[PDB]
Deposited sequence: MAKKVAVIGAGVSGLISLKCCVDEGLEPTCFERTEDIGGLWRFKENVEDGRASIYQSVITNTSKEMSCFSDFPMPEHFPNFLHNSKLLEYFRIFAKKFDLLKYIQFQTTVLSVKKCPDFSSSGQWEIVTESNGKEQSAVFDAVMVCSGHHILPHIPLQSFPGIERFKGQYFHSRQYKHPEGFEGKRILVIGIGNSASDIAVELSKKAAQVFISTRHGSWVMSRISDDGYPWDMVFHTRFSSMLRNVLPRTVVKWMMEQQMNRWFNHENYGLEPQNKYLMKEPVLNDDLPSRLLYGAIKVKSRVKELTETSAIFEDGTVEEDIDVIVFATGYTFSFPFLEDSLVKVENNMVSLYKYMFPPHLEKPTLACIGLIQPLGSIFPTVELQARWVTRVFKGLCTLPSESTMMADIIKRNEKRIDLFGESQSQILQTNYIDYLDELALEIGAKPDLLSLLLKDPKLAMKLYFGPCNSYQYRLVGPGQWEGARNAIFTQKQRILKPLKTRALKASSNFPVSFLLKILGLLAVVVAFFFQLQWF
């Protein structure tokens, strides 16, 4: 393998592009649009084949918990990021790794067909007329938050509903919805952001759910980003090992510290599930202010109103917003290639079509982890480039089919059977999976004997992307360094005004048990 194709200059495109030149492959990037970023490049209109965002989106993951393993975000960056500002990182990245030269913009990939397999033929239209070409391998990075899902079938009377309705996709700005009566269906992270945003200047906003999530702020312990508090090796273990109830018993408590979810009305049904909680710093407040009313699932619609699953009714609702998420297709692909059946994607680790005989194509970024996607797709590409070169090997088709089932089977009893969780996956565990396959997973215990400082920090502290550039192939020296100095780059954009100026309670109770244990 040498000549590699990457579909889209997404985040996933941009990192694979880079992970290629690192394994010395020579890649070609095809971008439908005129620029990089994919979803995170905000545009005012909703252009086809690209994922839209509303203008005000902020990331739900820390910069030091979601940068590429060898490229910390500038120290002067905020810890959570406007879409504006994330883009900037991406641009800074593609400048610093000269990845822009491999990109062909406004060239959309129409078909990816197998030649007599170990290569692929790829048709791509440009200005009207459509060239073809041949590649040894191909990495798909065309995203999956593009094709809206609106299950109107399950909302009867929608046919009768006068007034306006649309899908989260189509939203961009709140202006236009001044003082209207607005029903948003579902408790997406997006639904929440939307609800909140519209709620300010709107008559009323409702927000339907049967299930109703746990809501959680990006702020955590001592105002540090939640991901660095929650995503820590040691903690992940406890979540895995402890009896599921003991864990649920703990989520319940931790989650309710902010507010009683029963009272605010979004207490879940099955707390059994480790379903992704929504990340909105604004929602609980906006509920107190009465800007938003949470509500049970819509049962039926009328021309002006909505009946609900708990018998209540909401009169004169001017606007419905279906934040009912997206589905996904690969309209340029053998329909048997990315087989998606009975609430299960048959791809070895959300990546490799198992029925292939030469392992020369993989989907990157077709995954929804519980941490940042950016370090996941980086590792996804470290694995995949090395597979392509042969440095790494897949198992048998029958082994790969056994995994796929067993994974997705656990996945189900861990996040429920909804086709909005197909791609849900525990965060660290998966990073580890990918890192093992290329032997970049640090062996913490082994790091006890040498550098017990690191050993501790890696286990008990926050699990950064940096950790994975410690051992195995492609290392970064600034990895020990990055990890040790993250606190600095966190506080740097925060502690922006300075004063200049449990101390003895800690010394005492420790010594007082050093008195307990000694006087024997």
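Q: Please give the gaps, as residue ranges numbered from 1 in the deposited sequence, where no C-alpha is present.
A: Going by the record, the segments left unmodelled (no C-alpha atoms) fall at 1, 119-122, 507-514, 534-535.
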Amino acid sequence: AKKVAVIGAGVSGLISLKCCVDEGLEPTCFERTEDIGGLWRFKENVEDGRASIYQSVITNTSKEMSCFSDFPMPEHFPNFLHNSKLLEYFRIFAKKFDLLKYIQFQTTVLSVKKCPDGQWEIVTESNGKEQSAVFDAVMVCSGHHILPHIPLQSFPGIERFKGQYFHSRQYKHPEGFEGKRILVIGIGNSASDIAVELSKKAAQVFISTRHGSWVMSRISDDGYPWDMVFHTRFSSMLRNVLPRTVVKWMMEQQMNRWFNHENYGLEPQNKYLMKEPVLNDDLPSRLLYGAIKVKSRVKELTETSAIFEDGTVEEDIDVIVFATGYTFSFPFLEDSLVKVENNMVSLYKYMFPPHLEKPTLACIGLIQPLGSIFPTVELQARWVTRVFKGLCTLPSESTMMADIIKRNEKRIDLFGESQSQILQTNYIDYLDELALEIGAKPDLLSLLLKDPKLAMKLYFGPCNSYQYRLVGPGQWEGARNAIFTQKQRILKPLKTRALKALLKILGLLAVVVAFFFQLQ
From here on, numbers count along this sequence of modelled residues.
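Q: Mean C-alpha B-factor higher for 183-191, or for 244-252?
A: Stretch with the greater average CA B-factor: 244-252.
Q: For the higher mean C-alpha B factor in the entry, choose 450-458 or 45-53.
A: Averaging CA B-factors over each stretch, the winner is 450-458.
Q: Tell me which of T312, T108, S372, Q419 tops the list for C-alpha B factor in the record.
A: Across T312, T108, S372, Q419, the entry lists the biggest C-alpha B-factor for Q419.
Q: In terms of recorded Cα temperature factor, pick the maximum from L17, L25, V11, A501.
A: Top of the list by C-alpha B-factor: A501.
Q: Taking only the Cα B-factors deposited for this chain, tell me whether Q488 sits in the lowest, middle or highest third.
A: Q488: CA B-factor falls in the middle third of its chain.
Q: According to the PDB entry, is the CA B factor of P78 in the bottom, middle or top third of its chain, that is, lowest, middle or highest?
A: CA B-factor rank for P78: lowest third.
Q: Within this chain, which third does the Cα B-factor at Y165 fall in: lowest, middle or highest?
A: CA B-factor rank for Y165: lowest third.
Q: Would the CA B-factor of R32 place it in the lowest, middle or highest third of its chain?
A: Tercile = middle for this residue's CA B-factor.
Q: Just say lowest, middle or highest third for the CA B-factor of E300 relative to the other modelled residues in its chain.
A: Middle third - that is where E300 ends up once the chain's C-alpha B-factors are sorted.
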